[PDB]
Amino acid sequence: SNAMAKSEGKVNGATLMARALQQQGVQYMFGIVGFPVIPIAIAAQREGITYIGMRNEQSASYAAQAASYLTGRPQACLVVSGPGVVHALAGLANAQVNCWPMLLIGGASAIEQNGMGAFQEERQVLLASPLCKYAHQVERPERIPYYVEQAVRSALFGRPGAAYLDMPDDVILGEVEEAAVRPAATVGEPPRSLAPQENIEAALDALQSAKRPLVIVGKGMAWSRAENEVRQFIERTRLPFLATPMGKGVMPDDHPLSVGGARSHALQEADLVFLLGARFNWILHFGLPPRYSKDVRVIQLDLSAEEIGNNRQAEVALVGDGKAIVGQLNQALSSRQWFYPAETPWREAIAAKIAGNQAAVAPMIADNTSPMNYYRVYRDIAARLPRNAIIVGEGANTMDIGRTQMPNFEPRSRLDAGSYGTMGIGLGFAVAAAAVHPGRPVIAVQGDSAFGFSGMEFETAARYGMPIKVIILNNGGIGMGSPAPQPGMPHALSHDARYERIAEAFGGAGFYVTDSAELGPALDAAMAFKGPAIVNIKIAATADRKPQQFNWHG
Amino acid sequence: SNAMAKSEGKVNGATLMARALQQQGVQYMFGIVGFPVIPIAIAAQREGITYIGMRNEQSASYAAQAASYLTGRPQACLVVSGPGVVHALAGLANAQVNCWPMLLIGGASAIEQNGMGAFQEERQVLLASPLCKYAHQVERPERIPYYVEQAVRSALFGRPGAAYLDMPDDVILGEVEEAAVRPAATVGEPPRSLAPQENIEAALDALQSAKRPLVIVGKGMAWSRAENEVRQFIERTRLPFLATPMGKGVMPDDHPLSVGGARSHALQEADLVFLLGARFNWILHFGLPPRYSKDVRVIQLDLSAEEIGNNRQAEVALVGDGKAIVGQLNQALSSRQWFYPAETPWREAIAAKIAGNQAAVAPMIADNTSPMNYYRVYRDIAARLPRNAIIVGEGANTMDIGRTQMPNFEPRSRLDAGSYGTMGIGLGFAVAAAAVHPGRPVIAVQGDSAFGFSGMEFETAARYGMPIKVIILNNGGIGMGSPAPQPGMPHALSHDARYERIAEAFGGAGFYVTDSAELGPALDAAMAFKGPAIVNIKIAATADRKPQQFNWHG
Amino acid sequence: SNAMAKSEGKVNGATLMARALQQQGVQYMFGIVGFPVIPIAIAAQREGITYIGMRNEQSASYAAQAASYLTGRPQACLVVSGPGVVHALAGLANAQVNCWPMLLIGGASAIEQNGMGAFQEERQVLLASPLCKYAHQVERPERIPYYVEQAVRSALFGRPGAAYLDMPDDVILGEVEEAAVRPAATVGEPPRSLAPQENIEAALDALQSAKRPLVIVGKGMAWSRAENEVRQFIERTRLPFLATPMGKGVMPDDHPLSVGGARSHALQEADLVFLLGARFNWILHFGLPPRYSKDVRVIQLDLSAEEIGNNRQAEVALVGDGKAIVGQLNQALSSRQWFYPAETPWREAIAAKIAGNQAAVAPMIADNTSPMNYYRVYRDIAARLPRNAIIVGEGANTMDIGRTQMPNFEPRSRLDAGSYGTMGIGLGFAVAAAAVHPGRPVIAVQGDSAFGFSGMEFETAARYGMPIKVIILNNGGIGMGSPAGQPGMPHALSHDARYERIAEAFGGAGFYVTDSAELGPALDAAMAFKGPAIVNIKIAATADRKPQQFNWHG
Ligand SMILES: CC(C)(COP(=O)(O)OP(=O)(O)OC[C@H]1O[C@@H](n2cnc3c(N)ncnc32)[C@H](O)[C@@H]1OP(=O)(O)O)[C@@H](O)C(=O)NCCC(=O)NCCSC=O
Ligand SMILES: CC(C)(COP(=O)(O)OP(=O)(O)OC[C@H]1O[C@@H](n2cnc3c(N)ncnc32)[C@H](O)[C@@H]1OP(=O)(O)O)[C@@H](O)C(=O)NCCC(=O)NCCSC=O
Ligand SMILES: Cc1ncc(C[n+]2c(CO)sc(CCOP(=O)(O)OP(=O)(O)O)c2C)c(N)n1
Ligand SMILES: Nc1ncnc2c1ncn2[C@@H]1O[C@H](COP(=O)(O)OP(=O)(O)O)[C@@H](O)[C@H]1O
Ligand SMILES: Nc1ncnc2c1ncn2[C@@H]1O[C@H](COP(=O)(O)OP(=O)(O)O)[C@@H](O)[C@H]1O
Ligand SMILES: Nc1ncnc2c1ncn2[C@@H]1O[C@H](COP(=O)(O)OP(=O)(O)O)[C@@H](O)[C@H]1O
Ligand SMILES: [Mg+2]
Ligand SMILES: [Mg+2]
Ligand SMILES: [Mg+2]
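Protein chains in written order, with the entry's author numbering: chain C, -2 to 482, 486 to 554; chain D, -2 to 482, 486 to 554; chain A, -2 to 481, 485 to 554.
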């Protein structure tokens, strides 16, 4: 009753944590409650944070980083002591490798029982630390504002990455006087740095000297929110560009300067590559033979000074923020006459290779034979994707062929297995996208193996009214199908699995497709259904991607 | 064709690894293939090792240690580089905490690409090391026999724990001359050590002197295979005994001397406790007030010398193997004639407390009201459990009430959340049990939250023809249900979920139960169905365990 | 004054720690004070603990483990925050590698400043944990008895190793009510375990079947205080034995059964090796060719089950305590007549190899040429070692030649570079020996390179009145000397250095020897000087050890 005297001078750690998270712009918290973190989730809701309770911490820790990428600010994963934290190490590793921020909040057993073999006693900061930019235990409740500020700043500033805060039971429930708690500042936007002017002019001088220049647009530019500057730069210079898998959409994928359909030739024959927030790691084949000229010249824009010149020396280094530096280049271009000319041999070679690759996939796209091939399946899928959708892609062939057949027109609208090649991100990423962008459609296209890692999160989607559209391409195995057996092959799964009945366990709509004639009607119904859906497509066991000169891994 | 000359002088790392695993007694390998470990799973199958391809490495790593516990030998988990290893860290942590052996075999990116940002390059030994007794990279294929011997020996000897072997791609595919490979010795049985004679006699002296003695039978005795010796020891001494959660069955749970129905009174009032392969950690409330007399005398049998006297000093230490040391006690008891007398006040107090607790839960067991309470549901489950079943239990109220309502009569026939309190072990444990003991029934009783962590492994079971019986107690939440919402509560799940439809996705039988009259017939049909099955029981949202003087955690 | 009322109800962390250490048998504490550990050292002295302030924590951490080995109980090293702990990691690593206990107590910056960049803030537990059996922070002063008990037990019990306790400034100075502090039990002697009777009898059966048996006596027997049992065993069986470098003295080095002077032959030709608390690591050349028969049979006695069969399979495993198991063997031998016969080809071969090696070094021992060779120097040094001395040996040729030329007659009386091959242990070990055994002479024979690592601790010895006798064999470099516009060679030091003047800096006696006629008188004067002393011997730059078939490392 409001009539009785109530003591209001004290606040506990759970409440201080919720307030600090909200002050620092955490709007989404993905996790699974239990000892000792129930009060944190409840307190978070009372501050208006959106708590999404999931079915495995592995998926929760993936959702938190996806939500961080999409919002531009660290979002939270909340897990119990012991195995809750160990399950969530999955997401720390993935966020580290992708340079994505996130905040993992792990409960811990009470400090006063350390050494005793307490329930879920664990060396949690020690376990998390090699996967984190920042990891620290909160030893007393009155320092929660200090630590939340420092952790969010460390995750968000510089090269982004994962931050971990350890929350012992006795700190969560510990109480301090309201007026005694020292405030913290609100973490603002990440600082942006610029390049020296001499480097800006040297970059432009290099571009003008090149006979076969190539701009590579990576997901660092998407994280930097540099899409306006990049679009202006490519329109001004008229340089050919190649998008990386999650750099897709920074330039619209239908831009006439994209070399995406001539990727192998463009990398092989360029005499100059301009990396925009993209690494010469495995996704770009290291900047080295056999995928590049041994003498390829490199302009490299990265926020990370230590990344400059990895594997292949950079002729011009542009260390700083992608948006700010491309802004400098656009400003410097306004005093120059040069642009990449409308007709060059390079342009003609690129066009010819695009035409050849188009010719290679044209009969597969047109083939209505059932069981379907991947290109036929994507002909129907691509036709149902609205231009403002968020696309989650996961699998081997399903994901890789999906990457070329599903264009993105706006940045940060594609989430996939990323720089770690992770299976297991799929429905976590979709749940994150639907929480952050409830006004936009969310379509996850998964292989049958991929779907098994996180498919139980469909119940999560249904519970929060998230109308995610899950499309499974089922070839009955990992990368390829398998004849019925003699033991089953290690890569074999269940070609006749009726995964769509999982939707029906949770109030969603399930659709099963074996024949090309069923596929359109199934997708139209799934898109129209007011709720989450699974379309389970039984595809050809031996369907494969377009032949190429080089294996993707090599 | 066998007609053409084939060079047979060379063998590769994958084949050496399969042969060494087979030599060392590894019979089960749970994993998910992909780069770079496909050759290892194929080679393992060629040597006759059973390969179980699962749906998430988290479950595979849990399956591996359950198989090790059941077989008495380290069994393998096989995972890909990068996130395959990070996902499997779950199983390493669980194995460390339960003193269970396992062998995790993690693929790695090729050594010659280290530093370059290779696909799934990761510091895998470093990440695994805090969770392992033994962790090492295999740097050259010709060292494979050496390392597999050493890792298996390290995991199995002494206090058991997890071993990790890192297998780089170029080691897996690297070839050596068969004749050149150094063989390794076959790892035998774990050494057993004995206590000094004076300690054996001091232990019997102390038991003779006690007014209220209590033997506590822990899962170390199950691991030691000490059940014959423990059974002879209790029959000879006639001492009251208490089983720990997975120590159930070492003594038959229906034994007249069990104090399991008077657990709180027995721990509170004992003047002497004899720990048999059981720790004074949280499961036994640390051996300290408020759950024990502050002056409780302790005899402590543990293989780990460092464990002796943790939290509560041991009056008599018995450091060595459970089977061997209880064997010494039985021998020394054939030269004394003491037994604990047939009539004592302690016996009378224990019996009256058991009778009071039976009366306390009898009305709930008998109550046929629907939605049902937990004790009612277990009345039908327990009446249908075969005496040789392997029971997997998982959840909070589901698991803990199932612990009291589901007796075990043989050792090593209960697998549950264990010393780490882990949600997520459920279907991986069930799959391991069906793999190891295909001629025994395997029944997993899970809460609805618990089922969500690993439920996709139902496809794994169906694919290998494992007729696991999954019984879900669904209260719509973690620990308790929740009314309709304002946001849904953090612990709420879906009370109306039709989880049994997941069975129908993979060719199993699904049964849905909301009324007590339905429960009997559904369980009968599920047990009789020649295949895996899910029985989804919608139980009362506020059903709870019997009241107790102390919280289980405190 | 005593007349004033004084509150006495409160005690601080520093005092609680000093009392707990004294309760647990810590008698010696080696360290360097500073923030925040000054109150710990003062409190320690108030409880009667001997505090030895050293000149570098590297040496202090080596002293602590040597004192632990000599006393049989963990002794303490006390260091400041940050670099104090980092400097002491040296000792942690050495203690792990040697299976020696020690307790490192590292001060830490105050918990309330964590995250702020406090003076010497550091992740101290994390840095120490890979080098420790046990490492924990003390988070509250009332837990100090609990943690000190647990750390001492973890260090001392089982296979011994290093323990680390982290002591934050606010825990050291924090106060609690005396009456409120929970006592901890006193850690007693390490538990001893026995082998099964079948293994005892199989060991004696194996020994009787061997044609060329060899018993190897390692420093695990010295740690176990098994010298009486081992001497009885060798006297009873008449088996040839070999001492390891710090196993010397467990058997007296002048025992007629020692194969010390025929080591390479004994290892090469033995058909059966009985390891007594010694590992097949590098010191015993792995139990493998080219140093052993490829079919050598092995009986292995180790406390560590996981060590059994490393590198070479064990035919008979004896897992348990060295004293207890050799006790079992001696007892089983009283029911047998068997002993190794007085005349066998094996004895004849051993004796001829011994005579051959004595003849090889006899002229070097007798050669009075100056500058002297190593064997000539040790002729005079060995003549002047009292039977009860503690010998510290450190260097390459100085240490290795000293090992064969300086016999020990009592166990635990030789301290040397050990299983890690460490330069830097010299004067810390000497200071530890002089603190623990002030009634025994302490003689450190060091190479000129070795001396430079720890030579400043001579001021520590002088300050505490420790009459350590430091003898430096100076060849002007690392392993060998060198001639004097080219740079100095990397191994070269100062052949004409006058190291003995360092004794004179600190009130000790310095002697300089270049001529063989000077050596006897200098050693006699140094031994008689009632204080610490340095005898600096300028030896031949090219003096070397006796030629051998095999390099010591290989
Ligand atoms: C490493 C990669 C960036 C390498 O890129 P590629 O696959 O070689 O190129 P993609 O951009 O996908 O294009 C594929 C080929 O199709 C051509 N292409 C692309 N778009 C088109 C269109 N629109 N029309 C016609 N042809 C096209 C393109 O030129 C390539 O051919 P060519 O020019 O002839 O080469 C990528 O494969 C990748 O990100 N893979 C993810 C791997 C992963 O994480 N797997 C999960 C674990 S698997 C291990 O267990
Ligand atoms: C690894 C070792 C145990 C290997 O032993 P060895 O040196 O081969 O044997 P030792 O016992 O020292 O004996 C040496 C040789 O002398 C013979 N020998 C032994 N005693 C005598 C006597 N009294 N008289 C004559 N000859 C003797 C013995 O049979 C050996 O010859 P043969 O029978 O003919 O072989 C040891 O070398 C060692 O511990 N080295 C430490 C290395 C180290 O840490 N250095 C400091 C770091 S170096 C920093 O890069
Ligand atoms: C890896 C991991 N993540 C989370 C937890 C917390 N875990 C609980 C232990 O505070 S147990 C509950 C299941 C209860 O929910 P349930 O299965 O529906 O059973 P029931 O009680 O409702 O009958 C939760 C989720 C955990 N231990 N380990
Ligand atoms: N604001 C920023 N400006 C420029 N570069 C950035 C910024 N934030 C992160 N980066 C960099 O972007 C790069 C992303 O590379 P990568 O993840 O390999 O992209 P992709 O997979 O698209 O090639 C990282 O090297 C990271 O340091
Ligand atoms: N062969 C063995 N003999 C005796 N004790 C063992 C053996 N193997 C393991 N142990 C010990 O068994 C104990 C198991 O304790 P715990 O997991 O706490 O049991 P519970 O959960 O049943 O109480 C561990 O302390 C472990 O060191
Ligand atoms: N009480 C004990 N009884 C038997 N062995 C022990 C005991 N304490 C330690 N040990 C063992 O003694 C061994 C010493 O081996 P090592 O240091 O290689 O000796 P050395 O250098 O003399 O050959 C270690 O393997 C250790 O586990
Ligand atoms: Mg597939
Ligand atoms: Mg529930
Ligand atoms: Mg020298």
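Don't be surprised by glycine CBs; every beta carbon is placed ideally from N, CA and C.
- Counting other Cβ atoms within 10 Å of its Cβ, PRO286/D stays below 16 and is therefore classed as exposed.
- Relative to the Cα of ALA200/A, the nearest Cα in the group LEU211/A, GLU312/A, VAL467/A, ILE231/A belongs to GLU312/A.
- Between the alpha carbons of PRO368/D and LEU67/D lies a distance of about 36 angstroms.
- Listed in chain order, the positions of the stretch 138 to 170 of chain A with a beta carbon within less than 8 angstroms of a beta carbon of chain C are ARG140, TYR143, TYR144, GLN147.
- For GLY69/D, no Cβ of chain A is located within less than 7 angstroms of the residue's own Cβ.
- In the three-state DSSP reduction, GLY390/A falls in the strand class (E or B).
- The nearest non-hydrogen atom of ligand 3 is 6 angstroms or more from the C-beta of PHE506/C.
- Put simply, the backbone Cα of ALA40/C is about 27 angstroms away from that of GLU136/A.
- Separation of the CB atoms of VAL168/C and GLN21/C is rounded to 18 angstroms, and the pair is thereby denied contact status at 8 angstroms.
- For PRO180/C, the CB contacts under 8 angstroms within the same chain, skipping 5 residues up- and downstream, are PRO142 in chain order.
- When 9 angstroms is used as the limit between beta carbons, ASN111/C is near these residues of chain A: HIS133, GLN134, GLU136, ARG140, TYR144, in chain order.
- Per DSSP, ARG52/C is not a residue of any alpha helix (DSSP H), being assigned neither H nor E.
- Secondary structure note for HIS133/A: its beta strand (DSSP E) is the uninterrupted segment 131 to 134.
- Here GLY6/A is exposed, its C-beta having fewer than 16 other C-beta atoms within 10 Å.
- Contacts with chain C (Cβ-Cβ distance below 9 angstroms) from the stretch 114 to 134 of chain A involve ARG120, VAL122, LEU123, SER126, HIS133, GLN134, listed in chain order.
- Taking C-beta atoms as the reference points, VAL428/C and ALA177/C fail to come closer than 7 angstroms.
- Taking all protein chains shown into account, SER516/C has 16 or more neighbouring C-beta atoms within 10 Å of its C-beta and is therefore buried.
- Annotated three-state conformation of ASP299/C is strand, per DSSP.
- Closer than 6 angstroms to some heavy atom of ligand 7: that does not describe the Cβ of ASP544/C.
- For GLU456/C, a Cβ of chain D is located within less than 7 angstroms of the residue's own Cβ.
- Ligand 8 never approaches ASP496/D closely enough for any of its heavy atoms to be under 6 angstroms from the residue's Cβ.
- About 29 angstroms separates the Cβ atoms of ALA90/D and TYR289/D, ruling out a contact at the 8 angstroms cut-off.
- Boundaries of the beta strand (DSSP E) harbouring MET99/D: 99 to 105, taken from the DSSP string.
- For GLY50/D, the shortest C-beta to heavy atom distance toward ligand 7 is 6 angstroms or greater.
- Across the stretch 207 to 233 of chain D, no CB contact with chain A closer than 8 angstroms is found for any residue.
- Taking C-beta atoms under 8 angstroms as the contact rule, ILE213/C and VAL270/C qualify, at a distance of about 6 angstroms.
- For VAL433/C, the enclosing alpha helix (DSSP H) covers residues 423 to 433.
- With three or more CB-CB distances shorter than 8 angstroms, the stretch 464 to 480 of chain D counts as touching the stretch 437 to 456 of chain D.
- In the structure shown, the three-state DSSP call for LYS538/A is strand.
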